[PDB]
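J.: Here it is, the structure, as structure tokens.
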Amino acid sequence: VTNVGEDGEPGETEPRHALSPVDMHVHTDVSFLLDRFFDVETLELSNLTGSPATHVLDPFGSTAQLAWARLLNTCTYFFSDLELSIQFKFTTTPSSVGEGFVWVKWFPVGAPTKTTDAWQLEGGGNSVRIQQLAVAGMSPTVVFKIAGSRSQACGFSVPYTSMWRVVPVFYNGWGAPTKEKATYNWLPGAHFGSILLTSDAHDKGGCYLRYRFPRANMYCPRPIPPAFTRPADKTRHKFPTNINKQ
Amino acid sequence: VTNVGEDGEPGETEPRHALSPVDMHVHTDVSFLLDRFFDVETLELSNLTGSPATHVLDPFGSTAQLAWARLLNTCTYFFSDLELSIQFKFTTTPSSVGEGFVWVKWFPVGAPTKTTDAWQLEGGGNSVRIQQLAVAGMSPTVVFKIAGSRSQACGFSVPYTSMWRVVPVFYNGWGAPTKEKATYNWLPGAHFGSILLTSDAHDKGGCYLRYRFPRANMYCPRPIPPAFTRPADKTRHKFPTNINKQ
Amino acid sequence: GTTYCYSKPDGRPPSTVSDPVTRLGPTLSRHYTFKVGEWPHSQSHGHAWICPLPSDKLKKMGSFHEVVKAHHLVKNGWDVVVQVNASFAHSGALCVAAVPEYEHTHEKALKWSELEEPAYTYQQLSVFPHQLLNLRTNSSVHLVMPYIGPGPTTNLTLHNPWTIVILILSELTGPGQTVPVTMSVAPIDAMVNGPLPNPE
Amino acid sequence: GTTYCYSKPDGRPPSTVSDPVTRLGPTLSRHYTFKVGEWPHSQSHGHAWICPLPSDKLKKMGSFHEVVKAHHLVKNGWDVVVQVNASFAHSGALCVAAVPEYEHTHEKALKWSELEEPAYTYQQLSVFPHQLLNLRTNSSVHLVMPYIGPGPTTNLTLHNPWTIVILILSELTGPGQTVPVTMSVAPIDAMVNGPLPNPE
Amino acid sequence: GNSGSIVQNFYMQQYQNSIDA
Amino acid sequence: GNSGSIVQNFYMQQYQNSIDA
Amino acid sequence: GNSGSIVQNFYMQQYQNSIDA
Amino acid sequence: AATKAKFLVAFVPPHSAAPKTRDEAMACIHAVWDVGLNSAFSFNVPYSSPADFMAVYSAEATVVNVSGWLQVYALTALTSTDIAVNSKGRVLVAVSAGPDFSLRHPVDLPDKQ
Amino acid sequence: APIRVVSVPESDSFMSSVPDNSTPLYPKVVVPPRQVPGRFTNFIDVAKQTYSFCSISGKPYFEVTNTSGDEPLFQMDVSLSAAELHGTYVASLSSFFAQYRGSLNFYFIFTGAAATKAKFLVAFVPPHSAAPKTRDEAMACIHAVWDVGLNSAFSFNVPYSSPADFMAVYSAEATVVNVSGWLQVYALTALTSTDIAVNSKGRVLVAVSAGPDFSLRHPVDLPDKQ
Ligand SMILES: CC(=O)N[C@H]1[C@H]([C@H](O)[C@H](O)CO)O[C@@](O[C@H]2[C@@H](O)[C@@H](CO)O[C@@H](O[C@H]3[C@H](O)[C@@H](O)[C@@H](O)O[C@@H]3CO)[C@@H]2O)(C(=O)O)C[C@@H]1O
Ligand SMILES: CC(=O)N[C@H]1[C@H]([C@H](O)[C@H](O)CO)O[C@@](O[C@H]2[C@@H](O)[C@@H](CO)O[C@@H](O[C@H]3[C@H](O)[C@@H](O)[C@@H](O)O[C@@H]3CO)[C@@H]2O)(C(=O)O)C[C@@H]1O
């Protein structure tokens with residue numbers, strides 16, 4: 001009612017010569033917010049021998065206060081490719097590992113799994129056994145050394161493997177006929193596939209997972225979790241910054 | 001009066017067949033004088049654990065006899081992008097650090113700040129904790145190793161972040177409603193943003209800040225500070241040089 | 001003669017307010033005229049009258065004054081004319097200037113006052129938009145400054161961008177009396193934002 | 001619906017001042033909104049709220065207010081809208097009017113107040129530019145008055161030409177509670193003369 | 001979105017990433 | 001001002017630095 | 001089949017591999 | 001629907017020390033809402049600042065920390081057909097982003113607080 | 001397929017003036033636009049289109065009294081690291097470099113009261129001999145005459161005379177590119193005044209603008225204060 005200002009008048013609000021543009025919104029571009037490296041996870045290695053476990057690239061669980069945590073929670077359905085950096089930190093005296101040969105293998109959404117030592121390198125007694133799937137072949141293997149290695153890390157790009165045209169970050173259903181608990185918001189292969197780190201370290205070190213999700217596609221906006229306690233009435237939420245009264 | 005020479009004549013000066021050009025002034029080009037690396041500052045690191053402090057890229061204070069000190073004092077308002085080099089020097093016996101993994105993170109004009117250990121890498125007991133914001137993500141992280149690292153330095157470019165279309169290197173006003181001391185020539189976010197260096201060194205080392213300011217834009221010339229004591233009457237100011245009586 | 005502070009004044013309306021904008025007709029931002037001070041025979045060089053515009057003296061613009069009272073921000077230039085009064089038997093000169101974010105003021109901010117500059121400054125004061133008042137030549141310095149500052153407009157209650165320096169170059173040499181300085185500020189291209197409430 | 005007080009407002013500038021004239025942009029003479037009073041169940045007919053515009057309540061126009069403070073005279077109309085608040089179970093009506101040189105006021109001049117008209121008046125109140133507020137029909141009276149008076153403009157400090165009557169015709173019959181009246185005045189085509197000095 | 005180098009296509013559009021229909 | 005290589009544009013004009021309006 | 005870079009032809013088609021008739 | 005009321009929604013610029021009565025705020029930017037003309041109303045809290053951009057992470061009051069104050073006041077009170085049934089009213093209040101609204105400089109999360 | 005590369009000997013060295021830039025880590029930042037007046041481009045512009053005020057015994061002027069003759073009134077070793085320059089813009093700007101080049105303009109503004117008058121011989125004396133000590137000595141050289149009471153201000157151009165394609169911004173024990181000469185103002189007559197009990201002396205300000213052919217080169221870092 002009445003609209004454009006100055007007259008005390010009922011529905012009549014005042015004028016607003018709305019703003020110009022700068023930045024063209026671009027930072028809030030879902031594809032851009034997601035194409036960078038995130039420190040998601042931290043895990044330890046496996047000994048070259050034993051009958052070890054594969055690890056799963058599932059950045060959909062969350063709960064850890066991390067920005068990329070939420071954001072993936074912001075949408076119902078997601079699709080993007082993957083990109084890694086694995087860094088391996090030291091947890092003892094760095095002079096313990098002279099070699100430090102690390103085997104890594106990537107497993108695509110839905111690959112077979114049981115592995116036991118099965119490859120045997122020998123030479124001058126002693127002789128090493130690497131893992132049955134640590135080996136090089138079909139799924140990409142990546143071997144790197146950490147011995148003065150100016151950056152104890154390795155890295156690469158890996159495609160959207162799932163058999164699902166998109167991934168439901170939420171699922172009002174079960175992924176199995178047996179409607180068991182655990183099988184709730186599940187639906188199998190709703191992730192990026194898996195990896196196996198294995199080495200004569202394993203002890204002496206932890207890892208550093210890092211994902212970069214290029215080509216981000218987000219479908220169906222969802223409620224965006226608060227992330228901070230509710231401040232008191234009629235007040236602000238004061239925080240420490242690059243600004244502030246010095 | 002009279003002008004062009006030879007006649008004793010009053011206002012009449014003599015002739016001057018003014019000079020040619022060479023160098024086209026170009027060195028005094030504000031954009032060029034500023035696009036190089038300056039050793040501005042020197043600071044120490046922070047332990048991977050504790051509840052540390054961010055550092056502020058404010059090259060506007062000055063007082064230190066450094067050329068780039070003045071020059072930034074030569075103008076009222078400034079704008080340029082930033083560029084860094086961080087070198088980390090050793091302050092003990094270089095054989096103390098076998099690893100020397102250093103986490104750095106850059107914070108844009110006006111970012112949140114409280115950080116405590118929050119990321120935990122584990123593997124074979126011991127286990128490391130890095131900083132809550134040392135982690136990789138939104139603001140750029142840079143991790144480098146200093147272990148034989150042929151150049152113990154790292155480096156990168158960072159954009160003009162401030163919310164101010166330009167930065168007042170001088171401010172006849174306050175940046176807060178509470179006209180307190182400290183809040184004088186202040187006005188928040190009148191700088192480049194901040195950084196956090198953190199590592200299993202911290203002790204064993206200092207740092208080496210270096211800025212390069214590309215795209216320099218200087219508005220309103222200001223008085224240019226003298227930099228040397230006032231010499232005696234009718235004399236010169238003799239100095240040591242690449243010339244001089246040998 | 002008319003000297004411009006960096007550029008003629010723009011009547012552009014603030015790049016940073018979707019908020020409703022009242023422009024000030026001259027008849028509101030009228031003209032104001034006060035006495036700076038009495039340049040005396042003793043005041044050795046390097047002295048000066050700081051006139052940071054407009055504050056301190058803002059209570060006295062009694063009309064322009066009024067609208068800037070009940071309004072959050074303003075963008076405006078300044079037609080300003082400093083007028084020393086002296087005979088042809090006096091000697092000496094000053095240099096009066098408009099300075100961008102001038103500061104030293106021993107935080108007696110936005111209050112006009114008196115100081116003694118460091119020297120490298122009076123020597124280089126002229127590096128700003130200034131004019132010479134030479135007692136054997138003229139008796140008036142005239143300048144016009146435009147809105148200026150980090151923000152596309154500011155709060156005159158917290159920040160004064162423009163500030164007139166009235167510097168003493170050659171001491172007042174001549175008849176025993178003093179030479180009264182004076183100044184007429186009148187706002188150019190005034191523009192306000194956000195009316196504040198009622199003083200109750 | 002919009003009802004005009006004798007004629008649309010003229011932005012003409014005063015036939016009686018060679019003196020410089022400041023016209024008031026809406027953004028200065030903005031909009032104001034206050035509560036007149038709570039029409040109660042007891043107040044027999046003939047009652048009324050006198051709202052002589054604008055005084056008494058002038059201290060509260062805090063912007064428009066401000067310019068008319070430091071200025072001798074003004075010519076302006078009034079967009080004014082009286083708003084009673086009541087449910088569909090209430091009965092009764094008022095008649096609110098704009099009156100030219102209204103007077104009785106027991107010299108509580110230019111102070112809004114409350115009275116009981118003589119009757120021949122409420123009977124003939126309608127002979128002025130008025131509108132009916134009938135509790136089974138509408139809930140708003142809207143009027144717009146133009147500058148008017150013996151002089152081609154006056155001193156709002158001595159004379160208020162326009163004055164709203166808010167007359168009680170049929171008593172408030174219905175639910176036990178009262179019915180709050182309200183009013184939004186906003187100056188139309190404002191124009192000032194002679195700035196007065198500084199309050200010292 | 002965020003891929004900005006020139007060498008970003010050092011590898012093919014086919015090899016590098018994934019491809020829709 | 002002082003950027004003189006060829007590889008100076010190895011990265012884009014958009015990515016590298018900042019951009020005015 | 002699986003050779004996808006640009007530098008894949010850093011070496012000649014003649015030098016790199018083998019050649020049929 | 002048996003009910004009606006009115007409010008003065010006003011926006012008060014970040015200077016003084018905050019108003020405390022309608023007659024105090026009224027001198028500022030505001031409009032009038034007579035519930036019973038529209039049962040819902042929209043009000044635009046503008047951008048007023050020397051600040052080309054503002055602070056997503058506010059704190060101890062700075063010049064780019066706050067842009068003002070939104071206040072709804074009660075113009076009149078609750079008139080009702082029968083005050084024993086309807087004695088109060090609930091006005092929901094929702095927030096949409098402004099057309100000129102924009103965000104910049106992505107950041108990582110600090111310690112919860 | 002890997003490229004064949006040889007790691008040039010300096011490979012992991014730093015070097016603080018690389019003609020090239022570092023790698024970006026925060027792209028897509030569009031900046032707000034700035035109207036803000038007086039953006040200068042090159043430092044020589046303000047130095048040319050701007051007068052600085054000289055330095056003599058602490059003040060920016062020299063005095064004439066009702067008693068002077070040939071005693072030189074104003075004298076300066078033409079070098080940037082000269083005394084009477086110390087306070088100024090031009091001089092201080094040049095500290096930022098190694099070599100200067102060109103003429104400099106001097107502005108003398110006589111500021112004695114209008115009841116007053118006087119004259120001077122401003123002269124420039126070439127860097128050979130051992131410096132003149134009387135007007136009649138300098139007169140044989142480049143100079144003009146200033147009758148205050150024709151112009152109350154005057155400009156004088158100290159030229160560039162040297163086998164030196166460039167000159168020394170950082171002077172010292174006298175070298176061939178260390179000095180270009182000597183500026184000297186002398187008193188041609190003395191202070192005539194309507195009433196000598198009121199006006200007995202006069203103050204001529206002396207300012208320095210940069211020469212049109214003036215230029216600077218080879219940016220340098222600051223040595224120990226001295
Ligand atoms: C995938 C697989 O087959 N894994 C088997 C490994 C691999 O074949 C082996 O590591 C290839 O390098 O081999 C395993 O069996 C080997 C083991 O029994 C050793 C111990 O004597 O002998 C190997 O054969 C010898 C043979 O005895 C010699 O005559 C000579 O030919 O050399 C070969 C090997 O160099 C067996 O292949 C193993 O022990 O791990 C079985 C794994 O399942
Ligand atoms: C941002 C954040 O959440 N920080 C928290 C960290 C990180 O979650 C953690 O470093 C991720 O690597 O974790 C903190 O809490 C962990 C701590 O209590 C340890 C000690 O027992 O347990 C961790 O959970 C274990 C769990 O007990 C096991 O069952 C199994 O699932 O492994 C996990 C971890 O590998 C807690 O998450 C921490 O101690 O720093 C709390 C930080 O705030």
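Scheme for the structure tokens: letters A, B, ... for chains in order shown; per-chain residue numbers from 1; ligand numbers from 1 in order shown.
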Would you pick out the contacts of residue 38 in chain D at 6 Å or less, using only C-alpha atoms, so that residues sharing its chain but fewer than 6 positions from it are not included, and give the list as a list in words?
T.: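 The residues that qualify are residues 178, 179, 180 and 181 of chain D.
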J.: May I ask you to extract the residues of chain C within 10 Å of chain H, using only C-alpha atoms, and to give them as a ChimeraX atom specification?
T.: /C:14-20,70-74,149-155,157-158,193-200
J.: Output the contact residues of chain I with respect to chain F at a cut-off of 8 Å, based on only C-alpha atoms, as a ChimeraX atom specification.
T.: /I:19-21,23-24,26-33
J.: Please list as a PyMOL selection string every residue within 6 Å of residue 167 in chain B, counting only C-alpha atoms and excluding residues in the same chain fewer than 6 positions away.
T.: chain B and resi 77-78+190
J.: Can I get the selection written as a compact mmCIF listing (two decimals), in the first residue's frame, with C-alpha atoms?
T.:
```txt
# COMPACT_ATOMS: atom_id res chain seq x y z
CA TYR B 77 46.22 6.95 0.55
CA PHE B 78 47.55 3.57 -0.70
CA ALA B 190 43.48 -0.64 6.95
```
J.: Which residues come within 8 Å of residue 186 in chain A, counting only C-alpha atoms, excluding same-chain residues fewer than 2 positions away, as a ChimeraX atom specification?
T.: /A:171,173-175,182-184,188,190
J.: Could the residues in this selection be saved with C-alpha atoms as a compact mmCIF listing (two decimals), in the first residue's frame?
T.:
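Final output, result.txt:
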```
# COMPACT_ATOMS: atom_id res chain seq x y z
CA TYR A 171 18.50 -41.03 2.63
CA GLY A 173 15.28 -45.31 3.19
CA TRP A 174 17.58 -48.31 3.59
CA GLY A 175 20.24 -49.68 1.25
CA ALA A 182 23.15 -49.16 10.33
CA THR A 183 21.44 -49.66 6.97
CA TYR A 184 19.53 -46.37 7.46
CA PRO A 188 26.02 -48.28 -0.80
CA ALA A 190 27.39 -43.16 -1.93
```
J.: Which distance in Å separates CA of residue 147 in chain B and CA of residue 45 in chain B, to one decimal?
T.: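 CA of residue 45 in chain B lies at a distance of 16.7 Å from CA of residue 147 in chain B.
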J.: Can you give chain F as an mmCIF file with N, CA and C atoms, in the first residue's frame after you superpose it on chain E, pairing all C-alpha atoms in order for the least-squares fit?
T.:
```
data_model
loop_
_atom_site.group_PDB
_atom_site.id
_atom_site.type_symbol
_atom_site.label_atom_id
_atom_site.label_comp_id
_atom_site.auth_asym_id
_atom_site.auth_seq_id
_atom_site.Cartn_x
_atom_site.Cartn_y
_atom_site.Cartn_z
ATOM 1 N N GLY F 1 34.837 -22.821 -12.535
ATOM 2 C CA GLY F 1 35.072 -22.701 -11.052
ATOM 3 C C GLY F 1 36.531 -23.004 -10.775
ATOM 4 N N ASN F 2 37.186 -22.162 -9.950
ATOM 5 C CA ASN F 2 38.637 -22.166 -9.521
ATOM 6 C C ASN F 2 39.843 -22.808 -10.269
ATOM 7 N N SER F 3 39.657 -23.293 -11.495
ATOM 8 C CA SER F 3 40.803 -23.837 -12.241
ATOM 9 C C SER F 3 41.247 -22.673 -13.163
ATOM 10 N N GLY F 4 42.421 -22.130 -12.839
ATOM 11 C CA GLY F 4 42.964 -20.985 -13.550
ATOM 12 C C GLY F 4 44.471 -20.918 -13.629
ATOM 13 N N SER F 5 44.938 -21.502 -14.709
ATOM 14 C CA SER F 5 46.331 -21.577 -15.045
ATOM 15 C C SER F 5 46.178 -21.659 -16.547
ATOM 16 N N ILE F 6 47.161 -22.167 -17.253
ATOM 17 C CA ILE F 6 47.004 -22.319 -18.695
ATOM 18 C C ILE F 6 47.289 -23.799 -18.877
ATOM 19 N N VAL F 7 48.213 -24.239 -18.030
ATOM 20 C CA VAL F 7 48.700 -25.599 -17.937
ATOM 21 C C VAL F 7 47.639 -26.482 -17.282
ATOM 22 N N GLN F 8 46.502 -25.865 -16.935
ATOM 23 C CA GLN F 8 45.366 -26.574 -16.326
ATOM 24 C C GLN F 8 44.858 -27.640 -17.326
ATOM 25 N N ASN F 9 45.150 -27.425 -18.610
ATOM 26 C CA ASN F 9 44.761 -28.367 -19.657
ATOM 27 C C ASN F 9 45.995 -29.118 -20.189
ATOM 28 N N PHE F 10 46.986 -29.288 -19.305
ATOM 29 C CA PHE F 10 48.218 -29.984 -19.656
ATOM 30 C C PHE F 10 47.771 -31.350 -19.995
ATOM 31 N N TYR F 11 46.767 -31.784 -19.259
ATOM 32 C CA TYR F 11 46.174 -33.062 -19.532
ATOM 33 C C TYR F 11 44.854 -32.774 -20.226
ATOM 34 N N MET F 12 44.339 -33.767 -20.942
ATOM 35 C CA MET F 12 43.103 -33.604 -21.671
ATOM 36 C C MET F 12 41.886 -33.430 -20.797
ATOM 37 N N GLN F 13 40.836 -32.883 -21.411
ATOM 38 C CA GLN F 13 39.537 -32.675 -20.744
ATOM 39 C C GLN F 13 38.944 -34.104 -20.478
ATOM 40 N N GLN F 14 39.339 -35.057 -21.336
ATOM 41 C CA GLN F 14 38.880 -36.457 -21.319
ATOM 42 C C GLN F 14 39.573 -37.317 -20.256
ATOM 43 N N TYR F 15 40.888 -37.135 -20.152
ATOM 44 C CA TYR F 15 41.728 -37.871 -19.204
ATOM 45 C C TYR F 15 41.598 -37.315 -17.778
ATOM 46 N N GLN F 16 41.910 -36.030 -17.635
ATOM 47 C CA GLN F 16 41.868 -35.320 -16.360
ATOM 48 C C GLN F 16 40.700 -35.746 -15.436
ATOM 49 N N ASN F 17 39.512 -35.228 -15.770
ATOM 50 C CA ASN F 17 38.287 -35.450 -14.992
ATOM 51 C C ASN F 17 37.269 -36.508 -15.497
ATOM 52 N N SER F 18 35.998 -36.264 -15.155
ATOM 53 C CA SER F 18 34.884 -37.129 -15.531
ATOM 54 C C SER F 18 34.067 -36.446 -16.623
ATOM 55 N N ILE F 19 33.217 -37.205 -17.316
ATOM 56 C CA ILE F 19 32.416 -36.646 -18.403
ATOM 57 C C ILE F 19 30.948 -37.051 -18.428
ATOM 58 N N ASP F 20 30.067 -36.043 -18.448
ATOM 59 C CA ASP F 20 28.614 -36.247 -18.454
ATOM 60 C C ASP F 20 28.151 -36.640 -19.828
ATOM 61 N N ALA F 21 26.900 -37.074 -19.904
ATOM 62 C CA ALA F 21 26.310 -37.430 -21.186
ATOM 63 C C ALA F 21 25.428 -36.299 -21.908
#
```
J.: Listing only residues of chain A within 9 Å of chain B, what is the closest atom pair and its distance in Å (to one decimal) for each, using only C-alpha atoms, sorted by chain and residue number ascending, as CSV?
T.:
```
residue,atom,partner,partner_atom,distance
A:33,CA,B:138,CA,7.8
A:36,CA,B:137,CA,6.9
A:37,CA,B:137,CA,5.7
A:38,CA,B:137,CA,4.5
A:39,CA,B:136,CA,4.9
A:40,CA,B:136,CA,8.5
A:41,CA,B:121,CA,8.7
A:42,CA,B:121,CA,5.5
A:43,CA,B:121,CA,6.9
A:44,CA,B:123,CA,5.3
A:45,CA,B:123,CA,7.6
A:66,CA,B:137,CA,8.7
A:67,CA,B:138,CA,8.3
A:68,CA,B:137,CA,8.0
A:89,CA,B:121,CA,7.6
A:90,CA,B:99,CA,7.6
A:91,CA,B:127,CA,5.4
A:92,CA,B:126,CA,6.9
A:93,CA,B:98,CA,7.5
A:94,CA,B:98,CA,5.5
A:95,CA,B:98,CA,6.9
A:148,CA,B:147,CA,6.7
A:149,CA,B:147,CA,8.7
A:150,CA,B:149,CA,6.0
A:151,CA,B:145,CA,6.2
A:152,CA,B:145,CA,8.4
A:202,CA,B:123,CA,6.9
A:203,CA,B:124,CA,4.2
A:204,CA,B:124,CA,5.6
A:205,CA,B:123,CA,4.8
A:206,CA,B:123,CA,4.5
A:207,CA,B:121,CA,6.8
A:208,CA,B:121,CA,7.1
A:210,CA,B:136,CA,7.9
A:239,CA,B:112,CA,7.0
A:240,CA,B:113,CA,5.2
A:241,CA,B:112,CA,4.9
A:242,CA,B:110,CA,4.7
A:243,CA,B:188,CA,4.8
A:244,CA,B:188,CA,6.8
A:245,CA,B:183,CA,6.9
A:246,CA,B:182,CA,6.5
```
J.: Generate the output file for the selected residues, N, CA and C atoms, as a compact mmCIF listing (two decimals), in the first residue's frame.
T.:
```txt
# COMPACT_ATOMS: atom_id res chain seq x y z
N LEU A 33 33.84 -22.47 -4.16
CA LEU A 33 34.04 -22.72 -2.75
C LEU A 33 34.61 -24.13 -2.59
N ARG A 36 39.12 -26.45 -3.71
CA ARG A 36 40.40 -26.21 -3.05
C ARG A 36 40.73 -27.35 -2.10
N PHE A 37 41.91 -27.34 -1.51
CA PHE A 37 42.31 -28.43 -0.62
C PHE A 37 41.85 -28.27 0.83
N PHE A 38 41.23 -29.33 1.32
CA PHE A 38 40.72 -29.34 2.67
C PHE A 38 41.40 -30.38 3.48
N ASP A 39 41.68 -30.06 4.73
CA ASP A 39 42.32 -31.02 5.61
C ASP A 39 41.09 -31.71 6.15
N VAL A 40 40.74 -32.84 5.55
CA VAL A 40 39.60 -33.65 5.98
C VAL A 40 40.32 -34.90 6.43
N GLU A 41 40.06 -35.34 7.65
CA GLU A 41 40.70 -36.54 8.18
C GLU A 41 42.17 -36.53 8.49
N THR A 42 42.50 -37.63 9.13
CA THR A 42 43.82 -37.89 9.60
C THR A 42 43.77 -39.35 9.91
N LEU A 43 44.72 -40.14 9.38
CA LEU A 43 44.71 -41.61 9.60
C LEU A 43 46.10 -42.14 9.61
N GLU A 44 46.25 -43.34 10.18
CA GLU A 44 47.55 -44.00 10.28
C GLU A 44 47.72 -45.07 9.22
N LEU A 45 48.95 -45.48 8.97
CA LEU A 45 49.20 -46.50 7.96
C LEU A 45 49.02 -47.92 8.42
N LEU A 66 34.31 -27.95 10.89
CA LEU A 66 35.24 -27.63 9.82
C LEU A 66 34.86 -26.90 8.52
N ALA A 67 33.70 -26.27 8.46
CA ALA A 67 33.34 -25.52 7.26
C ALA A 67 33.01 -26.44 6.11
N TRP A 68 33.93 -27.30 5.74
CA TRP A 68 33.63 -28.20 4.66
C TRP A 68 32.68 -29.26 5.22
N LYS A 89 53.06 -37.34 8.38
CA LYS A 89 53.76 -36.61 9.40
C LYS A 89 54.54 -37.64 10.17
N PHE A 90 55.51 -37.16 10.93
CA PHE A 90 56.33 -37.99 11.75
C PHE A 90 55.83 -37.89 13.16
N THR A 91 55.86 -39.01 13.89
CA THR A 91 55.41 -39.13 15.30
C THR A 91 56.53 -39.61 16.25
N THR A 92 57.75 -39.68 15.73
CA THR A 92 58.92 -40.07 16.49
C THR A 92 60.14 -39.25 16.00
N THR A 93 61.32 -39.80 16.25
CA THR A 93 62.53 -39.11 15.84
C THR A 93 62.65 -39.39 14.37
N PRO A 94 62.66 -38.34 13.57
CA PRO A 94 62.77 -38.51 12.13
C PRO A 94 63.97 -39.36 11.62
N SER A 95 65.00 -39.57 12.45
CA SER A 95 66.15 -40.36 11.98
C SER A 95 65.98 -41.90 11.99
N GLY A 148 64.25 -37.55 3.50
CA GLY A 148 64.76 -36.25 3.13
C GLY A 148 63.77 -35.66 2.15
N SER A 149 62.83 -36.48 1.66
CA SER A 149 61.81 -36.08 0.71
C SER A 149 61.33 -34.69 1.12
N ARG A 150 61.90 -33.63 0.51
CA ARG A 150 61.62 -32.21 0.81
C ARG A 150 60.16 -31.87 1.14
N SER A 151 59.23 -32.79 0.83
CA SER A 151 57.78 -32.68 1.10
C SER A 151 57.40 -34.14 1.24
N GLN A 152 57.06 -34.55 2.43
CA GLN A 152 56.78 -35.96 2.61
C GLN A 152 55.47 -36.42 2.02
N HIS A 202 54.38 -46.81 9.38
CA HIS A 202 53.10 -47.35 9.93
C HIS A 202 53.07 -46.93 11.39
N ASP A 203 54.15 -47.30 12.06
CA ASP A 203 54.41 -46.79 13.38
C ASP A 203 55.36 -45.67 12.84
N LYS A 204 55.79 -44.72 13.66
CA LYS A 204 56.65 -43.61 13.20
C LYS A 204 55.84 -42.56 12.38
N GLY A 205 54.55 -42.82 12.15
CA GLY A 205 53.77 -41.87 11.39
C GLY A 205 52.26 -41.96 11.20
N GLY A 206 51.71 -40.76 11.02
CA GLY A 206 50.29 -40.60 10.80
C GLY A 206 50.19 -40.06 9.40
N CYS A 207 48.99 -39.72 8.89
CA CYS A 207 48.94 -39.26 7.52
C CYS A 207 48.55 -37.92 6.94
N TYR A 208 47.36 -37.39 7.21
CA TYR A 208 46.94 -36.10 6.61
C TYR A 208 46.12 -36.23 5.37
N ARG A 210 43.56 -34.93 2.66
CA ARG A 210 43.19 -33.67 2.04
C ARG A 210 42.43 -33.94 0.76
N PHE A 239 33.49 -11.30 18.77
CA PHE A 239 34.49 -12.33 18.38
C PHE A 239 35.87 -11.71 18.15
N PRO A 240 36.95 -12.52 18.19
CA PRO A 240 38.27 -11.93 17.91
C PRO A 240 38.52 -11.90 16.36
N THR A 241 39.09 -10.79 15.85
CA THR A 241 39.34 -10.52 14.41
C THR A 241 40.57 -9.69 14.03
N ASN A 242 40.72 -9.51 12.72
CA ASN A 242 41.76 -8.69 12.09
C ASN A 242 41.46 -7.19 12.23
N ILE A 243 40.33 -6.92 12.83
CA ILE A 243 39.86 -5.58 13.04
C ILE A 243 40.08 -5.39 14.55
N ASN A 244 39.00 -5.06 15.26
CA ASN A 244 38.97 -4.88 16.71
C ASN A 244 39.75 -3.78 17.42
N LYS A 245 39.16 -3.33 18.51
CA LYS A 245 39.79 -2.34 19.31
C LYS A 245 41.08 -2.98 19.79
N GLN A 246 42.15 -2.27 19.49
CA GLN A 246 43.50 -2.65 19.87
C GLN A 246 43.77 -1.93 21.22
```
J.: Go through chain G and collect every residue that DSSP, computed from the backbone, puts in alpha helix (DSSP H); the answer should be as an mmCIF file with N, CA and C atoms, in the first residue's frame.
T.:
```
data_model
loop_
_atom_site.group_PDB
_atom_site.id
_atom_site.type_symbol
_atom_site.label_atom_id
_atom_site.label_comp_id
_atom_site.auth_asym_id
_atom_site.auth_seq_id
_atom_site.Cartn_x
_atom_site.Cartn_y
_atom_site.Cartn_z
ATOM 1 N N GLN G 13 56.773 -39.652 -33.180
ATOM 2 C CA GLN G 13 55.953 -40.861 -33.377
ATOM 3 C C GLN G 13 56.934 -41.985 -33.866
ATOM 4 N N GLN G 14 58.018 -41.551 -34.527
ATOM 5 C CA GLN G 14 59.052 -42.417 -35.121
ATOM 6 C C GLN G 14 60.058 -42.961 -34.101
ATOM 7 N N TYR G 15 60.487 -42.075 -33.204
ATOM 8 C CA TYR G 15 61.459 -42.400 -32.157
ATOM 9 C C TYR G 15 60.809 -43.169 -30.997
ATOM 10 N N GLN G 16 59.799 -42.549 -30.393
ATOM 11 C CA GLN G 16 59.063 -43.104 -29.262
ATOM 12 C C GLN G 16 58.847 -44.636 -29.337
#
```
